[PDB]
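File shown: work_14.cif (mmCIF, N, CA, C and O atoms).
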data_run
loop_
_atom_site.label_atom_id
_atom_site.label_comp_id
_atom_site.auth_asym_id
_atom_site.auth_seq_id
_atom_site.Cartn_x
_atom_site.Cartn_y
_atom_site.Cartn_z
N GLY A 1 -1.45 15.16 2.90
CA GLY A 1 -1.39 14.94 1.41
C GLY A 1 -0.27 13.88 1.27
O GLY A 1 -0.06 13.18 2.29
N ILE A 2 0.40 13.82 0.13
CA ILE A 2 1.33 12.74 -0.22
C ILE A 2 2.38 12.48 0.82
O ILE A 2 2.69 11.29 1.17
N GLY A 3 3.01 13.54 1.36
CA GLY A 3 4.17 13.36 2.25
C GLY A 3 3.82 12.57 3.58
O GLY A 3 4.68 11.87 4.07
N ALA A 4 2.70 12.82 4.14
CA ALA A 4 2.22 12.20 5.41
C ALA A 4 1.91 10.69 5.01
O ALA A 4 2.42 9.90 5.77
N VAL A 5 1.23 10.47 3.91
CA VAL A 5 1.01 9.10 3.35
C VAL A 5 2.25 8.31 3.24
O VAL A 5 2.54 7.22 3.84
N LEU A 6 3.29 8.92 2.52
CA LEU A 6 4.52 8.21 2.46
C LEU A 6 5.07 7.89 3.80
O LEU A 6 5.81 6.89 3.97
N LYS A 7 4.91 8.87 4.69
CA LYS A 7 5.67 8.67 5.98
C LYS A 7 4.98 7.51 6.78
O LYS A 7 5.69 6.77 7.47
N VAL A 8 3.69 7.48 6.63
CA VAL A 8 2.92 6.37 7.35
C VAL A 8 3.33 5.05 6.74
O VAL A 8 3.56 4.09 7.54
N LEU A 9 3.43 4.90 5.45
CA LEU A 9 3.84 3.70 4.79
C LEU A 9 5.19 3.24 5.17
O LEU A 9 5.35 1.99 5.41
N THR A 10 6.19 4.09 5.17
CA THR A 10 7.59 3.81 5.40
C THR A 10 7.73 3.20 6.78
O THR A 10 8.51 2.27 6.96
N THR A 11 6.95 3.84 7.69
CA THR A 11 7.14 3.41 9.09
C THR A 11 6.21 2.19 9.36
O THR A 11 6.59 1.35 10.20
N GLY A 12 5.05 2.24 8.76
CA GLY A 12 3.95 1.38 9.23
C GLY A 12 3.82 0.14 8.39
O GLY A 12 3.28 -0.87 8.93
N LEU A 13 4.28 0.16 7.15
CA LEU A 13 4.17 -1.06 6.32
C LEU A 13 4.90 -2.26 6.83
O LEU A 13 4.22 -3.34 6.78
N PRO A 14 6.09 -2.30 7.34
CA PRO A 14 6.74 -3.52 7.80
C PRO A 14 5.88 -4.26 8.82
O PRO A 14 5.74 -5.50 8.72
N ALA A 15 5.34 -3.55 9.81
CA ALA A 15 4.46 -4.19 10.85
C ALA A 15 3.20 -4.80 10.26
O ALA A 15 2.66 -5.80 10.74
N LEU A 16 2.63 -4.11 9.25
CA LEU A 16 1.43 -4.53 8.57
C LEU A 16 1.77 -5.89 7.90
O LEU A 16 0.96 -6.83 8.09
N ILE A 17 2.86 -5.96 7.21
CA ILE A 17 3.19 -7.19 6.48
C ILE A 17 3.30 -8.35 7.53
O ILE A 17 2.82 -9.41 7.32
N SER A 18 3.97 -8.11 8.62
CA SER A 18 4.19 -9.17 9.58
C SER A 18 2.83 -9.71 10.07
O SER A 18 2.69 -10.90 10.31
N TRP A 19 2.00 -8.75 10.35
CA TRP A 19 0.70 -9.00 10.95
C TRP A 19 -0.09 -9.86 10.04
O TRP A 19 -0.84 -10.81 10.38
N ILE A 20 -0.15 -9.43 8.78
CA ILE A 20 -0.94 -10.13 7.77
C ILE A 20 -0.43 -11.54 7.63
O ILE A 20 -1.25 -12.54 7.58
N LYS A 21 0.84 -11.77 7.54
CA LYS A 21 1.40 -13.10 7.49
C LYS A 21 1.00 -13.99 8.66
O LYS A 21 0.61 -15.19 8.47
N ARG A 22 1.19 -13.43 9.86
CA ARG A 22 0.59 -14.11 11.02
C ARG A 22 -0.84 -14.49 10.93
O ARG A 22 -1.18 -15.71 11.23
N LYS A 23 -1.76 -13.62 10.72
CA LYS A 23 -3.13 -13.87 10.47
C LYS A 23 -3.39 -14.97 9.42
O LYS A 23 -4.38 -15.75 9.56
N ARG A 24 -2.66 -14.95 8.33
CA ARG A 24 -2.81 -15.95 7.25
C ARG A 24 -2.45 -17.35 7.75
O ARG A 24 -3.10 -18.36 7.35
N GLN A 25 -1.43 -17.46 8.57
CA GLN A 25 -1.05 -18.77 9.14
C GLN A 25 -2.12 -19.31 10.05
O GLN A 25 -2.19 -20.54 10.31
N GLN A 26 -3.04 -18.48 10.52
CA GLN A 26 -3.89 -18.83 11.67
C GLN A 26 -5.30 -19.05 11.11
O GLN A 26 -5.48 -18.58 9.96
N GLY B 1 0.44 2.34 14.46
CA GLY B 1 -0.42 1.13 14.59
C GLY B 1 -0.93 0.64 13.24
O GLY B 1 -0.81 1.35 12.21
N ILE B 2 -1.58 -0.53 13.23
CA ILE B 2 -2.27 -1.06 12.05
C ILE B 2 -3.38 -0.10 11.73
O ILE B 2 -3.77 0.05 10.59
N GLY B 3 -3.91 0.55 12.80
CA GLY B 3 -5.18 1.29 12.61
C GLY B 3 -4.76 2.50 11.69
O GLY B 3 -5.56 2.90 10.83
N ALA B 4 -3.61 3.02 12.02
CA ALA B 4 -3.16 4.26 11.29
C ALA B 4 -2.85 3.93 9.82
O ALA B 4 -3.27 4.62 8.89
N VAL B 5 -2.15 2.82 9.58
CA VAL B 5 -1.78 2.28 8.27
C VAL B 5 -3.02 1.96 7.48
O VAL B 5 -3.30 2.36 6.30
N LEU B 6 -4.00 1.35 8.17
CA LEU B 6 -5.28 1.05 7.60
C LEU B 6 -6.00 2.24 7.16
O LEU B 6 -6.55 2.30 5.97
N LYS B 7 -6.08 3.33 7.91
CA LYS B 7 -6.77 4.51 7.36
C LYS B 7 -6.10 5.06 6.08
O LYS B 7 -6.84 5.60 5.25
N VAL B 8 -4.78 5.08 6.01
CA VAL B 8 -4.07 5.51 4.79
C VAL B 8 -4.33 4.59 3.60
O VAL B 8 -4.53 5.12 2.46
N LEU B 9 -4.40 3.29 3.85
CA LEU B 9 -4.83 2.42 2.71
C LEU B 9 -6.15 2.79 2.15
O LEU B 9 -6.48 2.50 0.92
N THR B 10 -7.05 3.27 3.02
CA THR B 10 -8.40 3.54 2.56
C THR B 10 -8.53 4.92 1.98
O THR B 10 -9.43 5.15 1.10
N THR B 11 -7.67 5.85 2.30
CA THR B 11 -7.97 7.23 1.75
C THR B 11 -6.76 7.82 1.10
O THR B 11 -6.84 8.40 0.00
N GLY B 12 -5.60 7.68 1.69
CA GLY B 12 -4.44 8.41 1.04
C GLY B 12 -3.87 7.55 -0.09
O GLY B 12 -3.41 8.20 -1.02
N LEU B 13 -3.85 6.21 -0.06
CA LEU B 13 -3.33 5.37 -1.12
C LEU B 13 -4.02 5.48 -2.48
O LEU B 13 -3.30 5.62 -3.54
N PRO B 14 -5.32 5.46 -2.55
CA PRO B 14 -6.06 5.71 -3.77
C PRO B 14 -5.68 7.06 -4.47
O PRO B 14 -5.44 7.10 -5.68
N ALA B 15 -5.59 8.15 -3.72
CA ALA B 15 -5.23 9.45 -4.28
C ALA B 15 -3.78 9.42 -4.75
O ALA B 15 -3.52 9.95 -5.86
N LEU B 16 -2.89 8.82 -4.02
CA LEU B 16 -1.52 8.62 -4.42
C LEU B 16 -1.36 7.85 -5.72
O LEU B 16 -0.43 8.11 -6.52
N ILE B 17 -2.18 6.82 -5.90
CA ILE B 17 -2.24 6.02 -7.09
C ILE B 17 -2.57 6.88 -8.36
O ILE B 17 -1.80 6.65 -9.28
N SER B 18 -3.55 7.69 -8.28
CA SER B 18 -4.00 8.63 -9.27
C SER B 18 -2.88 9.66 -9.60
O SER B 18 -2.59 9.82 -10.77
N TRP B 19 -2.24 10.19 -8.62
CA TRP B 19 -1.02 10.95 -8.70
C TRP B 19 0.02 10.26 -9.50
O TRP B 19 0.63 10.93 -10.43
N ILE B 20 0.48 9.07 -9.19
CA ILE B 20 1.50 8.34 -9.89
C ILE B 20 1.15 8.20 -11.39
O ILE B 20 2.06 8.35 -12.24
N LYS B 21 -0.08 7.86 -11.61
CA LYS B 21 -0.59 7.74 -12.96
C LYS B 21 -0.44 9.06 -13.74
O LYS B 21 0.06 8.85 -14.87
N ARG B 22 -0.72 10.22 -13.20
CA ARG B 22 -0.55 11.53 -13.79
C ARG B 22 0.87 11.82 -14.13
O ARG B 22 1.23 12.28 -15.27
N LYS B 23 1.76 11.51 -13.23
CA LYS B 23 3.18 11.73 -13.37
C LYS B 23 3.83 10.82 -14.45
O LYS B 23 4.87 11.20 -15.04
N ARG B 24 3.28 9.62 -14.60
CA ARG B 24 3.75 8.62 -15.57
C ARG B 24 3.38 9.10 -16.96
O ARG B 24 4.23 8.93 -17.88
N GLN B 25 2.25 9.67 -17.16
CA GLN B 25 1.86 10.17 -18.52
C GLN B 25 2.55 11.45 -18.91
O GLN B 25 2.64 11.81 -20.10
N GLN B 26 3.03 12.22 -17.94
CA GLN B 26 3.94 13.34 -18.14
C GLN B 26 5.32 12.89 -18.65
O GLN B 26 5.54 13.60 -19.67
N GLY C 1 7.38 -3.96 -13.05
CA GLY C 1 7.90 -2.64 -12.55
C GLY C 1 6.61 -1.90 -12.12
O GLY C 1 5.65 -2.64 -11.84
N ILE C 2 6.62 -0.58 -12.12
CA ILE C 2 5.55 0.24 -11.55
C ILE C 2 4.18 -0.11 -12.02
O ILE C 2 3.19 -0.20 -11.22
N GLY C 3 4.00 -0.31 -13.35
CA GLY C 3 2.65 -0.48 -13.92
C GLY C 3 1.90 -1.77 -13.37
O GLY C 3 0.69 -1.73 -13.26
N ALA C 4 2.59 -2.83 -13.20
CA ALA C 4 2.05 -4.13 -12.72
C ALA C 4 1.70 -3.88 -11.19
O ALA C 4 0.58 -4.23 -10.90
N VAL C 5 2.59 -3.26 -10.45
CA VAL C 5 2.32 -2.82 -9.04
C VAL C 5 1.06 -2.06 -8.90
O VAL C 5 0.02 -2.38 -8.23
N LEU C 6 0.93 -0.95 -9.75
CA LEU C 6 -0.30 -0.24 -9.68
C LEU C 6 -1.48 -1.10 -9.95
O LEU C 6 -2.60 -0.82 -9.46
N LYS C 7 -1.27 -2.00 -10.91
CA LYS C 7 -2.51 -2.71 -11.38
C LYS C 7 -2.96 -3.70 -10.24
O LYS C 7 -4.17 -3.90 -10.07
N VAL C 8 -1.96 -4.22 -9.58
CA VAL C 8 -2.29 -5.17 -8.44
C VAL C 8 -2.98 -4.38 -7.35
O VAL C 8 -3.99 -4.91 -6.80
N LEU C 9 -2.53 -3.21 -6.99
CA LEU C 9 -3.14 -2.37 -5.99
C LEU C 9 -4.53 -1.99 -6.29
O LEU C 9 -5.39 -2.06 -5.35
N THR C 10 -4.84 -1.54 -7.49
CA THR C 10 -6.11 -1.01 -7.93
C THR C 10 -7.15 -2.11 -7.78
O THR C 10 -8.27 -1.82 -7.37
N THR C 11 -6.67 -3.31 -8.16
CA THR C 11 -7.67 -4.41 -8.19
C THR C 11 -7.72 -5.05 -6.77
O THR C 11 -8.80 -5.54 -6.41
N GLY C 12 -6.58 -5.12 -6.15
CA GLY C 12 -6.41 -6.03 -5.01
C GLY C 12 -6.56 -5.31 -3.70
O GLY C 12 -6.92 -6.00 -2.70
N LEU C 13 -6.33 -4.02 -3.66
CA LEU C 13 -6.47 -3.30 -2.38
C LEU C 13 -7.85 -3.31 -1.78
O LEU C 13 -7.88 -3.55 -0.53
N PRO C 14 -8.98 -3.15 -2.41
CA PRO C 14 -10.27 -3.15 -1.75
C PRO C 14 -10.49 -4.44 -0.94
O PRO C 14 -10.96 -4.36 0.21
N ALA C 15 -10.19 -5.60 -1.52
CA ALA C 15 -10.34 -6.90 -0.80
C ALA C 15 -9.45 -7.01 0.44
O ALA C 15 -9.78 -7.64 1.43
N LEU C 16 -8.23 -6.45 0.32
CA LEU C 16 -7.25 -6.45 1.38
C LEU C 16 -7.87 -5.63 2.54
O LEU C 16 -7.85 -6.16 3.68
N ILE C 17 -8.39 -4.48 2.26
CA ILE C 17 -8.92 -3.63 3.32
C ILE C 17 -10.06 -4.43 4.04
O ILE C 17 -10.16 -4.43 5.23
N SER C 18 -10.94 -5.04 3.29
CA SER C 18 -12.07 -5.70 3.90
C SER C 18 -11.57 -6.78 4.88
O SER C 18 -12.17 -7.01 5.91
N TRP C 19 -10.61 -7.49 4.36
CA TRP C 19 -10.05 -8.66 5.04
C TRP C 19 -9.49 -8.22 6.35
O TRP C 19 -9.57 -8.86 7.43
N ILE C 20 -8.66 -7.19 6.28
CA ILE C 20 -7.97 -6.68 7.46
C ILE C 20 -8.99 -6.23 8.48
O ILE C 20 -8.87 -6.55 9.73
N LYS C 21 -9.99 -5.51 8.12
CA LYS C 21 -11.05 -5.12 9.02
C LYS C 21 -11.75 -6.29 9.71
O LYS C 21 -11.97 -6.26 10.97
N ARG C 22 -12.15 -7.25 8.88
CA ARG C 22 -12.59 -8.52 9.49
C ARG C 22 -11.68 -9.14 10.49
O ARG C 22 -12.19 -9.51 11.63
N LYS C 23 -10.48 -9.47 10.21
CA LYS C 23 -9.48 -9.94 11.10
C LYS C 23 -9.37 -9.10 12.40
O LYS C 23 -9.10 -9.68 13.49
N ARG C 24 -9.39 -7.80 12.28
CA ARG C 24 -9.29 -6.90 13.45
C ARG C 24 -10.50 -7.07 14.38
O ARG C 24 -10.34 -7.01 15.64
N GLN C 25 -11.67 -7.26 13.84
CA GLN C 25 -12.87 -7.50 14.67
C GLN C 25 -12.77 -8.80 15.42
O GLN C 25 -13.46 -9.00 16.45
N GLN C 26 -11.90 -9.71 15.03
CA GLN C 26 -11.97 -11.11 15.47
C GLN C 26 -10.79 -11.33 16.42
O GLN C 26 -9.90 -10.45 16.35
N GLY D 1 -5.75 -12.36 -5.37
CA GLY D 1 -5.79 -12.85 -3.98
C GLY D 1 -5.05 -11.92 -3.02
O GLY D 1 -4.31 -11.00 -3.46
N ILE D 2 -5.15 -12.18 -1.72
CA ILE D 2 -4.38 -11.48 -0.69
C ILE D 2 -2.94 -11.82 -0.93
O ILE D 2 -2.05 -11.03 -0.64
N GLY D 3 -2.71 -13.03 -1.49
CA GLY D 3 -1.32 -13.55 -1.50
C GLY D 3 -0.59 -12.60 -2.54
O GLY D 3 0.59 -12.28 -2.33
N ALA D 4 -1.32 -12.33 -3.58
CA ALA D 4 -0.69 -11.53 -4.70
C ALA D 4 -0.42 -10.10 -4.23
O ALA D 4 0.66 -9.54 -4.43
N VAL D 5 -1.38 -9.48 -3.55
CA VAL D 5 -1.32 -8.13 -2.96
C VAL D 5 -0.21 -8.06 -1.94
O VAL D 5 0.73 -7.21 -1.91
N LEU D 6 -0.12 -9.13 -1.12
CA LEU D 6 0.93 -9.26 -0.16
C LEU D 6 2.26 -9.30 -0.76
O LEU D 6 3.23 -8.56 -0.30
N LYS D 7 2.52 -10.05 -1.82
CA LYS D 7 3.87 -9.98 -2.40
C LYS D 7 4.24 -8.56 -2.91
O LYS D 7 5.44 -8.25 -2.85
N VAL D 8 3.32 -7.84 -3.51
CA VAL D 8 3.57 -6.45 -3.94
C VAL D 8 3.84 -5.51 -2.77
O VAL D 8 4.78 -4.66 -2.88
N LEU D 9 3.12 -5.70 -1.67
CA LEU D 9 3.52 -4.89 -0.47
C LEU D 9 4.93 -5.10 -0.07
O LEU D 9 5.59 -4.18 0.60
N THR D 10 5.44 -6.32 -0.26
CA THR D 10 6.77 -6.61 0.23
C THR D 10 7.83 -6.25 -0.78
O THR D 10 9.00 -5.95 -0.37
N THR D 11 7.52 -6.14 -2.05
CA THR D 11 8.68 -5.88 -2.97
C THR D 11 8.40 -4.74 -3.89
O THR D 11 9.25 -3.86 -4.11
N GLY D 12 7.20 -4.65 -4.43
CA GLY D 12 7.02 -3.55 -5.45
C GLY D 12 6.68 -2.24 -4.72
O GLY D 12 7.10 -1.24 -5.29
N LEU D 13 5.98 -2.19 -3.58
CA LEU D 13 5.66 -0.98 -2.87
C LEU D 13 6.84 -0.15 -2.34
O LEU D 13 6.87 1.11 -2.56
N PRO D 14 7.82 -0.74 -1.72
CA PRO D 14 9.04 -0.08 -1.34
C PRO D 14 9.76 0.65 -2.52
O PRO D 14 10.16 1.81 -2.39
N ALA D 15 9.90 0.00 -3.66
CA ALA D 15 10.55 0.60 -4.83
C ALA D 15 9.69 1.73 -5.36
O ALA D 15 10.27 2.80 -5.69
N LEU D 16 8.40 1.58 -5.40
CA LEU D 16 7.47 2.63 -5.77
C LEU D 16 7.57 3.87 -4.90
O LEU D 16 7.38 5.01 -5.37
N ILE D 17 7.73 3.66 -3.60
CA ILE D 17 7.92 4.70 -2.62
C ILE D 17 9.17 5.58 -2.93
O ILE D 17 8.91 6.77 -2.88
N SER D 18 10.27 4.98 -3.19
CA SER D 18 11.52 5.55 -3.59
C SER D 18 11.37 6.36 -4.91
O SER D 18 11.77 7.50 -4.92
N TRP D 19 10.72 5.81 -5.88
CA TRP D 19 10.25 6.45 -7.08
C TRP D 19 9.50 7.71 -6.78
O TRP D 19 9.82 8.78 -7.43
N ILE D 20 8.42 7.73 -6.03
CA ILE D 20 7.63 8.88 -5.71
C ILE D 20 8.49 10.00 -5.10
O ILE D 20 8.30 11.19 -5.47
N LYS D 21 9.33 9.59 -4.20
CA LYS D 21 10.25 10.50 -3.57
C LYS D 21 11.17 11.18 -4.61
O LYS D 21 11.21 12.42 -4.41
N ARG D 22 11.71 10.53 -5.59
CA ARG D 22 12.51 11.05 -6.67
C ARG D 22 11.78 12.05 -7.50
O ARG D 22 12.26 13.19 -7.81
N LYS D 23 10.56 11.74 -7.84
CA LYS D 23 9.69 12.56 -8.64
C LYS D 23 9.25 13.87 -7.92
O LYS D 23 8.95 14.88 -8.60
N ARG D 24 9.12 13.77 -6.60
CA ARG D 24 8.71 14.90 -5.74
C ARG D 24 9.86 15.89 -5.68
O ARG D 24 9.57 17.12 -5.73
N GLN D 25 11.07 15.46 -5.62
CA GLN D 25 12.23 16.42 -5.57
C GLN D 25 12.55 17.03 -6.90
O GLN D 25 13.21 18.09 -6.99
N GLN D 26 12.14 16.40 -7.99
CA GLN D 26 12.12 16.98 -9.33
C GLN D 26 11.13 18.14 -9.47
O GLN D 26 11.78 19.10 -9.96
#
Show me the file's structure as structure tokens.
Amino acid sequence: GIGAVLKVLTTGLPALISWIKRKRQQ
Amino acid sequence: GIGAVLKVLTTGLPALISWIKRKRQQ
Amino acid sequence: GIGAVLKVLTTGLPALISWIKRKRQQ
Amino acid sequence: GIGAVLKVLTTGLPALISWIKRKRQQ
């Protein structure tokens, strides 16, 4: 439920952002 | 991984959004 | 603040998910 | 666009996360 969602975001969002930026450059 | 973050975007984020909206009208 | 964030997510998240899936296949 | 969604991931999503956490402890 909410708590596991938050925890995935907190940990996993920074890598996602990096990735997406890379992909966009390419 | 991206894969884990990606599954939360598709299922836990939408429900979280609806949650936030409920709490804002309270 | 929160309301503009939500509104960007609601509208913009489905396209983001599609995109990311495509990129991952490639 | 992705570009618009991407800026919200980087600035409005983190603050929203902190918000949710405040509301959950209430």
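Residues within 12 Å of residue 3 in chain D, counting only C-alpha atoms and excluding same-chain residues fewer than 4 positions away, are residues 17, 20, 21, 24 and 25 of chain A; 8, 12, 13, 15, 16 and 19 of chain C; 7, 8, 9 and 10 of chain D.
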**OP:** Work out how far CA of residue 11 in chain A is from CA of residue 18 in chain B, in Å to one decimal.
**Re:** 22.1 Å
**OP:** List every protein, DNA or RNA residue that has an atom no more than 8 Å from (-8.0, -14.7, 16.7) in the file's coordinate frame, counting only N, CA, C and O atoms, and report them as a list in words.
**Re:** residues 23 and 26 of chain A; 23, 25 and 26 of chain C
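Here CA of residue 14 in chain D stands at a distance of 25.6 Å from CA of residue 22 in chain C.
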Subject >> Gap from atom C of residue 6 in chain C to CA of residue 5 in chain B - Å, one decimal >> reply: 18.5 Å
Could you write out as lines of an AutoDock Vina configuration file the box around range 7-23 of chain D (axis-aligned, all atoms listed in the file, 4 Å on each side), with centre and edge lengths in Å to one decimal?
center_x = 7.5
center_y = 2.4
center_z = -4.0
size_x = 18.0
size_y = 32.9
size_z = 17.2
Could you get me a file of range 15-26 of chain B with N, CA, C and O atoms, as an mmCIF file, in the first residue's frame, taken from the block above?
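So result36.cif came out as:
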data_model
loop_
_atom_site.group_PDB
_atom_site.id
_atom_site.type_symbol
_atom_site.label_atom_id
_atom_site.label_comp_id
_atom_site.auth_asym_id
_atom_site.auth_seq_id
_atom_site.Cartn_x
_atom_site.Cartn_y
_atom_site.Cartn_z
ATOM 1 N N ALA B 15 -3.094 5.108 -7.378
ATOM 2 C CA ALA B 15 -3.860 4.974 -6.132
ATOM 3 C C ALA B 15 -3.390 6.019 -5.135
ATOM 4 O O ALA B 15 -4.266 6.634 -4.481
ATOM 5 N N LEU B 16 -2.119 6.274 -5.033
ATOM 6 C CA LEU B 16 -1.565 7.331 -4.216
ATOM 7 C C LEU B 16 -2.087 8.716 -4.558
ATOM 8 O O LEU B 16 -2.259 9.584 -3.673
ATOM 9 N N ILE B 17 -2.224 8.983 -5.851
ATOM 10 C CA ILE B 17 -2.774 10.207 -6.379
ATOM 11 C C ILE B 17 -4.230 10.460 -5.870
ATOM 12 O O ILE B 17 -4.376 11.590 -5.437
ATOM 13 N N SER B 18 -5.063 9.493 -5.953
ATOM 14 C CA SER B 18 -6.417 9.451 -5.482
ATOM 15 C C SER B 18 -6.482 9.681 -3.945
ATOM 16 O O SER B 18 -7.233 10.544 -3.541
ATOM 17 N N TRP B 19 -5.653 9.031 -3.204
ATOM 18 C CA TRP B 19 -5.368 9.277 -1.817
ATOM 19 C C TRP B 19 -5.079 10.714 -1.546
ATOM 20 O O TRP B 19 -5.699 11.291 -0.568
ATOM 21 N N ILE B 20 -4.094 11.357 -2.127
ATOM 22 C CA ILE B 20 -3.726 12.728 -1.916
ATOM 23 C C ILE B 20 -4.932 13.668 -2.130
ATOM 24 O O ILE B 20 -5.118 14.619 -1.329
ATOM 25 N N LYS B 21 -5.623 13.396 -3.196
ATOM 26 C CA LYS B 21 -6.819 14.145 -3.514
ATOM 27 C C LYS B 21 -7.864 14.045 -2.384
ATOM 28 O O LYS B 21 -8.315 15.188 -2.099
ATOM 29 N N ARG B 22 -8.121 12.928 -1.772
ATOM 30 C CA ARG B 22 -9.013 12.717 -0.650
ATOM 31 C C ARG B 22 -8.604 13.492 0.553
ATOM 32 O O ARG B 22 -9.418 14.211 1.228
ATOM 33 N N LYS B 23 -7.337 13.470 0.857
ATOM 34 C CA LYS B 23 -6.753 14.143 1.991
ATOM 35 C C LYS B 23 -6.781 15.698 1.856
ATOM 36 O O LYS B 23 -6.799 16.401 2.892
ATOM 37 N N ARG B 24 -6.680 16.166 0.615
ATOM 38 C CA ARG B 24 -6.696 17.604 0.291
ATOM 39 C C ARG B 24 -8.101 18.124 0.507
ATOM 40 O O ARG B 24 -8.225 19.264 1.039
ATOM 41 N N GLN B 25 -9.109 17.401 0.176
ATOM 42 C CA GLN B 25 -10.516 17.884 0.389
ATOM 43 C C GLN B 25 -10.962 17.803 1.821
ATOM 44 O O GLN B 25 -11.927 18.481 2.243
ATOM 45 N N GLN B 26 -10.332 16.961 2.624
ATOM 46 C CA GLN B 26 -10.451 16.953 4.078
ATOM 47 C C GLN B 26 -9.874 18.213 4.728
ATOM 48 O O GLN B 26 -10.786 18.649 5.484
#
